[PDB]
Amino acid sequence: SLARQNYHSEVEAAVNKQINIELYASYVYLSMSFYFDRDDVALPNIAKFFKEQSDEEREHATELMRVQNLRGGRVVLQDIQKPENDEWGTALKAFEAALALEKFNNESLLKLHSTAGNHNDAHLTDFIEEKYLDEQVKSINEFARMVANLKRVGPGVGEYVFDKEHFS
Amino acid sequence: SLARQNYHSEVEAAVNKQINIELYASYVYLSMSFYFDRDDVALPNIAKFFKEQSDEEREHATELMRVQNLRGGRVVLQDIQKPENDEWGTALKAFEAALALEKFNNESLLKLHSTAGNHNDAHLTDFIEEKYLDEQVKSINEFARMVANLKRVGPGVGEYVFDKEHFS
Amino acid sequence: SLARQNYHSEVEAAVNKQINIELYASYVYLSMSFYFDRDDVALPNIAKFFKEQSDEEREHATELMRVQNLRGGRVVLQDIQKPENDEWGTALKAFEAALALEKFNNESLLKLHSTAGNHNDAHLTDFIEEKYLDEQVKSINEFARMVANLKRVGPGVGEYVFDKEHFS
Amino acid sequence: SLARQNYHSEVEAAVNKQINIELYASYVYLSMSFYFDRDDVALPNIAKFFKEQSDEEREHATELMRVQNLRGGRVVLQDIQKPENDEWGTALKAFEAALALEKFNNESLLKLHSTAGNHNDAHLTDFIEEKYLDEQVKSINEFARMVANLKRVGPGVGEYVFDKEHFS
Amino acid sequence: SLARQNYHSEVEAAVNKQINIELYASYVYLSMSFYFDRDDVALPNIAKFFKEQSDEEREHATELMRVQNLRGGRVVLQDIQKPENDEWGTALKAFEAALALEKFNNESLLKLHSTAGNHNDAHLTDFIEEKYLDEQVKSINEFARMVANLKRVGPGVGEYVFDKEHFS
Amino acid sequence: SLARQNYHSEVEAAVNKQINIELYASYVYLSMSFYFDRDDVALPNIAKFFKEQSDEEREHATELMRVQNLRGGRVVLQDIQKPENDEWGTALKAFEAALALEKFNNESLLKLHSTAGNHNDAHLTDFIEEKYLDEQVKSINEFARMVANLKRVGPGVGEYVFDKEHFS
Amino acid sequence: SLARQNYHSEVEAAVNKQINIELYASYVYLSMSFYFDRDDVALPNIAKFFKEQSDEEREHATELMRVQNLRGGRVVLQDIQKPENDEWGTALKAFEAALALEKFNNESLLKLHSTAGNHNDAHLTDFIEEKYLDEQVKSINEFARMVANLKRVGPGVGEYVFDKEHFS
Ligand SMILES: [Fe+3]
Ligand SMILES: [Fe+3]
Ligand SMILES: [Fe+3]
Ligand SMILES: [Fe+3]
Ligand SMILES: [Fe+3]
Ligand SMILES: [Fe+3]
Ligand SMILES: [Fe+3]
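Chains as they are written, first to last, in the entry's author numbering: chain A, 2 to 169; chain A', 2 to 169; chain C, 2 to 169; chain C', 2 to 169; chain I, 2 to 169; chain E, 2 to 169; chain G, 2 to 169. A prime marks a further copy of an entry chain.
Here it is as structure tokens:
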């Protein structure tokens, strides 16, 4: 790359790893979406929410692919591992699994941020802070609040009311 | 003050005391707001309501600071004491505490009104009646009605439904 | 599923296989997009086109996930295999690879259609015909015409002119 | 908190300390506002300006209360100390006191930022930089320029002209 | 300065150095603009682009002059050195020279950023990150992509087509 | 140049000299602008005015670069010398220095005009008359009138009133 | 003429000569236009451009007829000589011929201007400067740039691309 400057080989590799983690998260949320779309689950606002989260994670991945090229690194893709489960249980259990995924995503981003800082990559630490770290804290908070509300409403009519009210 | 007329030193002091009581109430409602904003409480319409009540109490304080100057008294501020609790329990318990605060505010305003009347301050008794006493009766009634409804809906899904319906 | 009717296990499995093939095609086009986005390739209308094709293939996958649920089948996801290449060569070679992918997709869809027909699944043969087979013929034709034009314009200024004119 | 991640108890405590400092600054500016509102001071654009600054400092406090909750910390409020003065002297002396308050606020924010950095809290260092440090530099600069202009215009007609022109 | 706080003399000097580098870059792009405006070169969209880049570099300089004043440093200007060349050769050669200038500007900014960080200047590291480092990475990438396209189109009709298409 | 006609080498050289003088004037006004932007000077309408004057002088330079190319001459740039001062004293002293600069610019333009006339360059004498000599007379008149008004208003409140009123 | 004042017979004659030269140039461009309109040449944007240039030269002639009458001179017309060529070769050859015509027109205008100046005709020297000399310098520059671009693009596809792009 004619452009590459202050962009360490270790940071380039760490960006490729993070691209795969974001695509994995996109795939988990796609699975959760179509689980809540099942004819025997049928919580459509939850299903729609997880499809939107799947789309957001795919955009997290593509913006890292864009910055990889911007800095003169090379995008190297890996297999996207299928999610841990085919079925996600109650709304409460699924949102608990989503919270765990968001915290895993955050640990991964903080590791990437650390690697960038270790190599004095002021451009990429700022990029990760501005475009990833604040959104990730807001997402973890959102999922923690939804878990609190799913515990509050309980199973049955509460789950129905949550689906009808929480996303409108 | 070139303006001061029929404005008793005792009434001036009582207005300064009431300014501090209104600021204290503002601080209690700010505390209640951010308690309902907690990731493990997560009742956002209740949180928003208490922030609006905090703003209203701060306006109660500043309008008394304005009338203090209007009458040629001197504003003398005191420490704003922190609220009695850091945590406010169930929605029902928090609204019961808010009702008790509103009735305390009302007793304080009626005392101020009495002091003004004892000194034949027709301007300030009218000011307190028009701008404070009617609003305070309406606020106490509002909180009593919300306590009745929080008892009616009960804990769990009822608390969620109250948050989603009561403020829209 | 309370809904499932005239929907054979062999057809359900074939729909899950096709979902994976569509997600794979989405991943190939994402790879091609970011290759043409490289600072040493820099053909942005080609890059944008392949991102649009990536989005389209993901929609092909999610519409099969949707019809799986409509028929009372159960979505079962597999790993999304990384593409065969990290780098895709000239515009001509990349569009030739895309054409090969589209013909592979079409063979896969015709196999799924055959399996549906073997089980007298009149709903799913019509669904595949209406929503997949005509779009797939149009996509193969589009790619064949783009290959003809990339051969016509040749390398260098022709590739630049193709990028500037072909997607306007 | 189900959300809390990479958020040290020392940083949580430092955020609570800063919340109190912002509320204190809000109270100082409310005092200055009603001083310039006095019937024997009567500089209404200065009074309005300090009320706006009071409102801004309360927003500084509530945004730190919000980020405390976002990170899964727990808001702990303390008494809001009354300002050092009841009366604030000339416009020049009041704006000099305000400048000193702003520099105190800035030292406090840089201490909080240092504590966050010591614990590798990349989210909170970015939050403080983006939402606090640039605004604080601009506020100190604004107050320094207003002090320069209040020295330039001098007492009497200059103070009147400053009030009429500086906030238009 | 009544405002100056956490602003080291070494950082103040480094900001004055960067102001001169930005003005130098503005002058180089003004030279390149009027070279492409020559009656025997006559590539007017390239000329207009370099005039826009000259204007942008002057804005880079004036925003550093502004932050120098915001922090209570003192602007000290130096001679603006004339560019290395009076004539810039082919479009390809001129865009290669511009890419080298942008990478020089970036190394200079990263040095300024390092100096600020060495003095724990959280305000100025964030200012440089937010307003300089991402724009500088995007500019280097833009110039690298234009060099790739000028190699692709070749001399003669390709240069003409690039001028007519690349800036539209 | 295929275009060059009735364009003497002495006139071409004199245009290059005038381009440098205009860029020098631009740099002086940029210095004066950021001097009035200082936190201890803080006359923002004067600062804005000098920034506009800096922009105008840069346009004077670029229009001479344009006419150099129109006549088939060749732009040759020289170093832009830093201004005589880092600090410009009172508003009155700065405007007196600006007036001296404008009269210097005018003497320089009349010398260029004389050189053009000596070589019977009817095109360039008309160009200098139409685009430079009348605006230069109006600029000198503007600065003389501002000096008269800065003497009238005197130091202190007068300087503040001039800043607030003269550019509105 | 009751109007004639400071208008020498030599200047009147020189204006009649220049009217004929402008009409001649109009006829040359009409010829070039219909040459590019030929069924075996077929460059329609070049054809349209030369028709516009023919119209402009006729306007140059009629404005000199108008000023002849304004000054109380008498218009005396001569034969309009047919152009030097019936056919104008390549686009490059035609634009080189046009450039030579424009420089001839300019020599003629400067000789007219000299004659006017020799008779102290301040009105007519100003008229020629304002309405003829700057337009003529801009026209020569335009033709020189078009010759540079026609050399750049070369014969064949380049000539086609020039016709399609240069006049839109
Ligand atoms: Fe993510
Ligand atoms: Fe109240
Ligand atoms: Fe497909
Ligand atoms: Fe603050
Ligand atoms: Fe720059
Ligand atoms: Fe000038
Ligand atoms: Fe003419």
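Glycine is no exception: its CB is placed at the ideal position from the N, C-alpha and C atoms.
Provide the residue span of the alpha helix (DSSP H) that contains residue i, from first to last.
i         : result
C:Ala43   : Run containing C:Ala43: none; DSSP gives neither H nor E here.
C':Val138 : 135 to 154
A:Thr126  : 123 to 129
G:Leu100  : 92 to 119
I:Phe163  : 158 to 166
Taking buried to mean at least 16 other C-beta atoms within 10 Å of its own C-beta, is residue i buried or exposed?
i         : result
I:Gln54   : buried
A:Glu108  : exposed
G:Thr91   : exposed
I:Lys52   : buried
I:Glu60   : exposed
G:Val158  : exposed
A':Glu166 : exposed
G:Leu3    : exposed
C:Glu131  : exposed
E:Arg39   : buried
I:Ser27   : buried
A':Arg5   : exposed
I:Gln19   : buried
E:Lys152  : exposed
A:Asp164  : buried
G:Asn106  : buried
E:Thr116  : buried
G:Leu78   : exposed
Is the shortest distance between the beta-carbon of residue i and the beta-carbons of chain C' less than 9 Å?
i        : result
A':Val76 : yes
I:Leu71  : yes
A:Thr91  : no
Please report whether the beta-carbon of residue i lies at a distance below 9 Å from any beta-carbon of chain A.
i         : result
C:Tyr36   : yes
A':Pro45  : yes
C':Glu131 : yes
C':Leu110 : no
Is the CB of residue i under 9 Å away from at least one CB in chain I?
i         : result
C':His114 : yes
G:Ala99   : no
A:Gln6    : yes
A:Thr63   : no
C:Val68   : no
C':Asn150 : no
Kindly indicate if chain G contains any beta-carbon less than 9 Å away from that of residue i.
i        : result
I:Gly157 : yes
I:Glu88  : no
Under 9 Å between C-beta atoms, does residue i make it to chain E?
i        : result
C':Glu53 : no
I:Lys49  : no
G:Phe144 : yes
Would residue i pass as an interface residue toward chain A' - the criterion being a Cβ-Cβ separation below 9 Å?
i         : result
C':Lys104 : no
| task | Could you tell me whether the stretch 98 to 116 of chain I touches the stretch 136 to 153 of chain I, using the rule of 3 or more Cβ pairs below 8 Å? | result | yes
| For review: beta carbons within less than 6 Å of any heavy atom in ligand 6 | E:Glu23, E:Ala26, E:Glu58, E:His61, E:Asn106
| query | Per the contact definition of three or more C-beta pairs closer than 8 Å, is the stretch 9 to 16 of chain E in contact with the stretch 39 to 53 of chain E? | reply | no
| field | Inter-stretch contact at 8 Å, needing at least 3 Cβ pairs: the stretch 117 to 135 of chain E / the stretch 4 to 11 of chain E | value | yes
| query | Is it a yes or a no for the stretch 72 to 89 of chain G touching the stretch 30 to 43 of chain G, going by three-plus beta-carbon pairs under 8 Å? | reply | yes
| Should the stretch 135 to 146 of chain G be called in touch with the stretch 63 to 77 of chain E, which here means at least 3 C-beta pairs below 8 Å? | yes
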